[PDB]
file work-v4.cif (mmCIF, C-alpha atoms and all ligand atoms)
data_model
#
loop_
_atom_site.label_atom_id
_atom_site.label_comp_id
_atom_site.auth_asym_id
_atom_site.auth_seq_id
_atom_site.Cartn_x
_atom_site.Cartn_y
_atom_site.Cartn_z
CA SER A 1 -11.07 26.97 -22.70
CA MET A 2 -7.85 25.06 -21.88
CA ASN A 3 -8.10 22.47 -19.09
CA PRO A 4 -6.88 23.52 -15.65
CA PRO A 5 -4.11 21.45 -14.09
CA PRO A 6 -5.59 18.57 -12.06
CA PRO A 7 -5.81 18.98 -8.28
CA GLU A 8 -2.61 18.23 -6.36
CA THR A 9 -2.34 14.55 -5.38
CA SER A 10 0.96 14.46 -3.44
CA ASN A 11 2.67 17.07 -1.27
CA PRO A 12 6.21 16.56 0.10
CA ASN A 13 5.72 19.29 2.71
CA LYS A 14 2.61 17.79 4.39
CA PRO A 15 3.03 15.19 7.20
CA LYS A 16 1.81 11.64 6.52
CA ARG A 17 -0.35 9.27 8.53
CA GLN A 18 -2.20 5.95 8.26
CA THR A 19 -5.50 5.52 10.11
CA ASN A 20 -8.30 2.92 10.02
CA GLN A 21 -10.76 5.57 8.86
CA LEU A 22 -8.37 6.39 5.97
CA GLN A 23 -8.05 2.65 5.18
CA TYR A 24 -11.85 2.41 5.15
CA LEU A 25 -12.22 5.44 2.86
CA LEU A 26 -9.89 4.02 0.19
CA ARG A 27 -10.57 0.32 0.84
CA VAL A 28 -14.38 0.42 1.18
CA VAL A 29 -15.96 3.79 0.28
CA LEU A 30 -13.80 4.61 -2.75
CA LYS A 31 -13.72 1.01 -3.99
CA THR A 32 -17.50 0.56 -3.74
CA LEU A 33 -18.16 3.77 -5.70
CA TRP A 34 -15.38 3.03 -8.20
CA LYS A 35 -16.87 -0.40 -9.08
CA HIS A 36 -20.33 1.13 -9.60
CA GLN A 37 -22.03 1.22 -13.03
CA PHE A 38 -22.35 5.03 -12.91
CA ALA A 39 -18.72 5.53 -11.82
CA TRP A 40 -17.10 6.41 -15.17
CA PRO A 41 -18.18 10.08 -15.38
CA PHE A 42 -16.54 10.79 -11.98
CA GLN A 43 -13.48 8.55 -12.44
CA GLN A 44 -11.27 11.34 -13.81
CA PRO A 45 -11.27 15.13 -13.77
CA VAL A 46 -13.83 16.59 -16.18
CA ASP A 47 -12.08 17.15 -19.52
CA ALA A 48 -13.68 20.37 -20.72
CA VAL A 49 -11.57 20.43 -23.91
CA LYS A 50 -12.44 16.88 -25.01
CA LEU A 51 -16.09 17.15 -23.89
CA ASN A 52 -16.27 20.64 -25.44
CA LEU A 53 -17.74 22.40 -22.38
CA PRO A 54 -16.15 25.89 -22.47
CA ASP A 55 -18.08 27.26 -19.45
CA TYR A 56 -17.42 24.37 -17.00
CA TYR A 57 -14.32 25.71 -15.26
CA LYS A 58 -15.72 29.25 -15.25
CA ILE A 59 -18.64 27.89 -13.21
CA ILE A 60 -16.68 25.34 -11.15
CA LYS A 61 -13.69 26.78 -9.31
CA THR A 62 -13.09 23.81 -7.00
CA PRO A 63 -12.85 20.72 -9.24
CA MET A 64 -12.75 17.27 -7.64
CA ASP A 65 -13.08 13.69 -8.90
CA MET A 66 -12.73 10.12 -7.64
CA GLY A 67 -9.52 9.57 -9.63
CA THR A 68 -7.99 12.49 -7.78
CA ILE A 69 -9.43 11.27 -4.46
CA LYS A 70 -8.02 7.76 -5.10
CA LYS A 71 -4.54 9.15 -5.76
CA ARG A 72 -4.63 11.32 -2.61
CA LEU A 73 -5.52 8.32 -0.40
CA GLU A 74 -2.90 6.21 -2.17
CA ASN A 75 -0.27 8.94 -1.73
CA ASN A 76 -1.27 9.58 1.91
CA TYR A 77 -2.30 13.13 1.09
CA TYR A 78 -5.05 13.26 3.75
CA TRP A 79 -4.15 13.52 7.42
CA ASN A 80 -7.86 13.54 8.37
CA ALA A 81 -10.88 11.56 7.22
CA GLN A 82 -12.98 14.73 6.87
CA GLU A 83 -10.54 16.11 4.27
CA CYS A 84 -11.33 13.12 2.05
CA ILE A 85 -15.07 13.28 2.84
CA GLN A 86 -15.05 16.96 1.87
CA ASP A 87 -13.53 16.04 -1.51
CA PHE A 88 -16.28 13.49 -2.20
CA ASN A 89 -18.88 16.12 -1.23
CA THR A 90 -17.28 18.79 -3.44
CA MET A 91 -17.39 16.42 -6.44
CA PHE A 92 -21.14 15.80 -5.93
CA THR A 93 -21.84 19.50 -5.26
CA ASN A 94 -20.01 20.43 -8.47
CA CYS A 95 -22.24 18.11 -10.49
CA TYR A 96 -25.42 19.59 -9.04
CA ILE A 97 -24.22 23.18 -9.53
CA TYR A 98 -23.30 22.71 -13.20
CA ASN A 99 -26.16 20.39 -14.18
CA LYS A 100 -29.97 20.68 -14.20
CA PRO A 101 -32.46 18.27 -12.60
CA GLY A 102 -33.31 15.31 -14.84
CA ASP A 103 -29.89 15.34 -16.54
CA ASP A 104 -28.47 11.81 -16.79
CA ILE A 105 -25.27 12.92 -15.01
CA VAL A 106 -27.24 14.31 -12.04
CA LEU A 107 -29.23 11.08 -11.64
CA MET A 108 -25.98 9.11 -11.66
CA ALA A 109 -24.44 11.46 -9.11
CA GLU A 110 -27.46 11.03 -6.81
CA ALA A 111 -27.14 7.24 -6.93
CA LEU A 112 -23.42 7.42 -6.17
CA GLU A 113 -23.98 10.04 -3.47
CA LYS A 114 -26.66 7.86 -1.86
CA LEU A 115 -24.33 4.86 -1.75
CA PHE A 116 -21.50 7.05 -0.47
CA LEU A 117 -23.62 8.35 2.43
CA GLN A 118 -24.55 4.78 3.42
CA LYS A 119 -20.90 3.67 3.53
CA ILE A 120 -19.78 6.85 5.31
CA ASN A 121 -22.42 6.17 7.98
CA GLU A 122 -20.53 2.92 8.64
CA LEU A 123 -17.22 4.75 9.15
CA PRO A 124 -14.94 2.97 11.66
CA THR A 125 -14.02 4.40 15.07
CA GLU A 126 -11.14 6.94 15.04
CA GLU A 127 -7.91 6.57 17.03
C1 LIG A 201 -22.01 16.39 -19.53
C2 LIG A 201 -21.23 15.40 -18.68
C3 LIG A 201 -19.76 15.78 -18.52
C4 LIG A 201 -19.29 15.28 -17.17
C5 LIG A 201 -18.54 14.01 -16.88
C6 LIG A 201 -18.09 13.03 -17.92
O1 LIG A 201 -17.07 12.40 -17.64
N1 LIG A 201 -18.73 12.89 -19.08
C7 LIG A 201 -18.32 12.09 -20.11
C8 LIG A 201 -19.09 12.12 -21.28
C9 LIG A 201 -18.76 11.35 -22.40
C10 LIG A 201 -17.63 10.53 -22.35
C11 LIG A 201 -16.84 10.48 -21.20
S1 LIG A 201 -15.56 9.51 -21.18
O2 LIG A 201 -15.19 9.18 -19.82
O3 LIG A 201 -15.92 8.29 -21.86
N2 LIG A 201 -14.32 10.11 -21.82
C12 LIG A 201 -14.04 9.88 -23.23
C13 LIG A 201 -14.45 11.15 -23.97
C14 LIG A 201 -13.32 12.16 -24.11
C15 LIG A 201 -12.42 12.23 -22.88
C16 LIG A 201 -13.24 12.25 -21.59
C17 LIG A 201 -13.39 10.86 -20.99
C18 LIG A 201 -17.18 11.25 -20.08
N3 LIG A 201 -18.32 13.92 -15.56
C19 LIG A 201 -18.85 14.97 -14.91
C20 LIG A 201 -18.77 15.15 -13.42
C21 LIG A 201 -19.48 15.85 -15.92
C22 LIG A 201 -20.17 17.14 -15.61
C23 LIG A 201 -20.16 18.21 -16.65
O4 LIG A 201 -20.69 17.34 -14.52
#
call {"tool": "encode", "arguments": {"input": "work-v4.cif", "output": "structure tokens"}}
result
Amino acid sequence: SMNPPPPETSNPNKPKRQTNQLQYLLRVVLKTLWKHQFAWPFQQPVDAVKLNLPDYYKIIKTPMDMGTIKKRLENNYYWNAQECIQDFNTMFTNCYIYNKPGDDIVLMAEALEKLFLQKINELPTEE
């Protein structure tokens, strides 16, 4: 019941690239979700200690959050757009796994997920 270390946000060994799709993911997709009213629960990694959820990291073995995703884009962690899209999807999947239907957190996640899918459908053409 101690928090795990947050996911890695910068790796010296990995090669670094800037693409329009990556610009769009940080600049449009991340920013739109970050500004949203329901954003706060997904803005940082779930703090199991502070929120007193002992079972959360036993159930969820691949934690992800928008704060982490924002840092990865900002640190040029992702070579590919799909890597970032996968992280968004993992964050939503985690919420649904841990939480029951009708929970406030699940409803918020669905709204964010819905908006995310709309923006991702507008993803710019790759190089
Ligand atoms: C049962 C919901 C728990 C949860 C959050 C969450 O963030 N909930 C939260 C609740 C209360 C306050 C704050 S908080 O942001 O205001 N806050 C101040 C309090 C103590 C430190 C923490 C930060 C955050 N997000 C996800 C994805 C989940 C789960 C389990 O799926």
call {"tool": "closest_residue", "arguments": {"input": "work-v4.cif", "among": "A:29, A:99, A:5, A:84", "to": "residue 123 in chain A", "atoms": "only C-alpha atoms"}}
result
A:29
call {"tool": "residues_near_ligand", "arguments": {"input": "work-v4.cif", "ligand": "ligand LIG 201 (chain A)", "cutoff": "7 Å", "atoms": "all atoms listed in the file", "output": "list in words"}}
result
residues 40, 41, 42, 46, 47, 50, 51, 56, 94, 95, 98, 99 and 105 of chain A
call {"tool": "closest_atom_pairs", "arguments": {"input": "work-v4.cif", "of": "range 58-104 of chain A", "to": "range 12-24 of chain A", "cutoff": "7 Å", "atoms": "all atoms listed in the file", "output": "tab-separated table"}}
result
residue	atom	partner	partner_atom	distance
A:76	CA	A:16	CA	5.9
A:77	CA	A:16	CA	7.0
A:79	CA	A:17	CA	5.8
A:81	CA	A:22	CA	5.9
call {"tool": "residues_around", "arguments": {"input": "work-v4.cif", "residues": "residue 71 in chain A", "least_positions_apart": "2", "cutoff": "12 Å", "atoms": "only C-alpha atoms", "output": "number ranges by chain"}}
result
A: 6-11, 26, 30, 43-44, 64-69, 73-78, 84
call {"tool": "residues_around", "arguments": {"input": "work-v4.cif", "residues": "residue 54 in chain A", "least_positions_apart": "6", "cutoff": "9 Å", "atoms": "all atoms listed in the file", "output": "list in words"}}
result
residues 1, 2 and 48 of chain A
call {"tool": "axis_aligned_box", "arguments": {"input": "work-v4.cif", "around": "range 60-69 of chain A", "padding_each_side": "5 Å", "output": "JSON"}}
result
{"center_x": -12.3, "center_y": 18.2, "center_z": -7.8, "size_x": 18.7, "size_y": 27.2, "size_z": 16.7}
call {"tool": "residues_around", "arguments": {"input": "work-v4.cif", "residues": "residue 107 in chain A", "least_positions_apart": "6", "cutoff": "12 Å", "atoms": "all atoms listed in the file", "output": "PDB file with C-alpha atoms, in the coordinates of the input"}}
result
ATOM      1  CA  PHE A  38     -22.350   5.030 -12.910  1.00  0.00           C
ATOM      2  CA  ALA A  39     -18.720   5.530 -11.820  1.00  0.00           C
ATOM      3  CA  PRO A  41     -18.180  10.080 -15.380  1.00  0.00           C
ATOM      4  CA  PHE A  92     -21.140  15.800  -5.930  1.00  0.00           C
ATOM      5  CA  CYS A  95     -22.240  18.110 -10.490  1.00  0.00           C
ATOM      6  CA  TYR A  96     -25.420  19.590  -9.040  1.00  0.00           C
ATOM      7  CA  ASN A  99     -26.160  20.390 -14.180  1.00  0.00           C
ATOM      8  CA  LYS A 100     -29.970  20.680 -14.200  1.00  0.00           C
ATOM      9  CA  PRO A 101     -32.460  18.270 -12.600  1.00  0.00           C
ATOM     10  CA  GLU A 113     -23.980  10.040  -3.470  1.00  0.00           C
ATOM     11  CA  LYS A 114     -26.660   7.860  -1.860  1.00  0.00           C
TER      12      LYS A 114
END
call {"tool": "closest_residue", "arguments": {"input": "work-v4.cif", "among": "A:91, A:108, A:49, A:33", "to": "residue 120 in chain A", "atoms": "all atoms listed in the file"}}
result
A:33
call {"tool": "atom_distance", "arguments": {"input": "work-v4.cif", "atom1": "CA of residue 104 in chain A", "atom2": "CA of residue 72 in chain A"}}
result
27.7 Å
call {"tool": "atom_distance", "arguments": {"input": "work-v4.cif", "atom1": "CA of residue 57 in chain A", "atom2": "CA of residue 3 in chain A"}}
result
8.0 Å
call {"tool": "atom_distance", "arguments": {"input": "work-v4.cif", "atom1": "CA of residue 121 in chain A", "atom2": "CA of residue 82 in chain A"}}
result
12.8 Å
call {"tool": "build_atoms", "arguments": {"input": "work-v4.cif", "residues": "range 22-37 of chain A", "atoms": "N, CA and C atoms", "output": "mmCIF file, in the frame of the given file"}}
result
data_model
loop_
_atom_site.group_PDB
_atom_site.id
_atom_site.type_symbol
_atom_site.label_atom_id
_atom_site.label_comp_id
_atom_site.auth_asym_id
_atom_site.auth_seq_id
_atom_site.Cartn_x
_atom_site.Cartn_y
_atom_site.Cartn_z
ATOM 1 N N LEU A 22 -8.963 6.169 7.298
ATOM 2 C CA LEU A 22 -8.370 6.390 5.970
ATOM 3 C C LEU A 22 -8.321 5.091 5.163
ATOM 4 N N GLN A 23 -7.999 3.977 5.824
ATOM 5 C CA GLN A 23 -8.050 2.650 5.180
ATOM 6 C C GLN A 23 -9.452 2.326 4.674
ATOM 7 N N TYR A 24 -10.447 2.644 5.494
ATOM 8 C CA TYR A 24 -11.850 2.410 5.150
ATOM 9 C C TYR A 24 -12.289 3.272 3.974
ATOM 10 N N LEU A 25 -11.833 4.522 3.934
ATOM 11 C CA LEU A 25 -12.220 5.440 2.860
ATOM 12 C C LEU A 25 -11.703 4.984 1.496
ATOM 13 N N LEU A 26 -10.436 4.597 1.420
ATOM 14 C CA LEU A 26 -9.890 4.020 0.190
ATOM 15 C C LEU A 26 -10.418 2.597 -0.050
ATOM 16 N N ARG A 27 -10.275 1.757 0.965
ATOM 17 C CA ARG A 27 -10.570 0.320 0.840
ATOM 18 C C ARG A 27 -12.046 -0.029 0.626
ATOM 19 N N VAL A 28 -12.953 0.726 1.241
ATOM 20 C CA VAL A 28 -14.380 0.420 1.180
ATOM 21 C C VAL A 28 -15.191 1.481 0.429
ATOM 22 N N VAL A 29 -15.119 2.737 0.866
ATOM 23 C CA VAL A 29 -15.960 3.790 0.280
ATOM 24 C C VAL A 29 -15.569 4.075 -1.173
ATOM 25 N N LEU A 30 -14.282 4.287 -1.408
ATOM 26 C CA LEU A 30 -13.800 4.610 -2.750
ATOM 27 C C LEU A 30 -14.002 3.407 -3.661
ATOM 28 N N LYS A 31 -13.630 2.227 -3.181
ATOM 29 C CA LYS A 31 -13.720 1.010 -3.990
ATOM 30 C C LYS A 31 -15.161 0.689 -4.381
ATOM 31 N N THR A 32 -16.092 0.817 -3.442
ATOM 32 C CA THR A 32 -17.500 0.560 -3.740
ATOM 33 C C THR A 32 -18.036 1.503 -4.815
ATOM 34 N N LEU A 33 -17.720 2.786 -4.704
ATOM 35 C CA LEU A 33 -18.160 3.770 -5.700
ATOM 36 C C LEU A 33 -17.461 3.574 -7.038
ATOM 37 N N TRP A 34 -16.180 3.231 -6.986
ATOM 38 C CA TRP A 34 -15.380 3.030 -8.200
ATOM 39 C C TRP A 34 -15.911 1.877 -9.059
ATOM 40 N N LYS A 35 -16.301 0.782 -8.402
ATOM 41 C CA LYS A 35 -16.870 -0.400 -9.080
ATOM 42 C C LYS A 35 -18.244 -0.141 -9.698
ATOM 43 N N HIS A 36 -18.935 0.894 -9.226
ATOM 44 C CA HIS A 36 -20.330 1.130 -9.600
ATOM 45 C C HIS A 36 -20.510 1.413 -11.099
ATOM 46 N N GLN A 37 -21.671 1.023 -11.621
ATOM 47 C CA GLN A 37 -22.030 1.220 -13.030
ATOM 48 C C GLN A 37 -21.970 2.675 -13.515
#
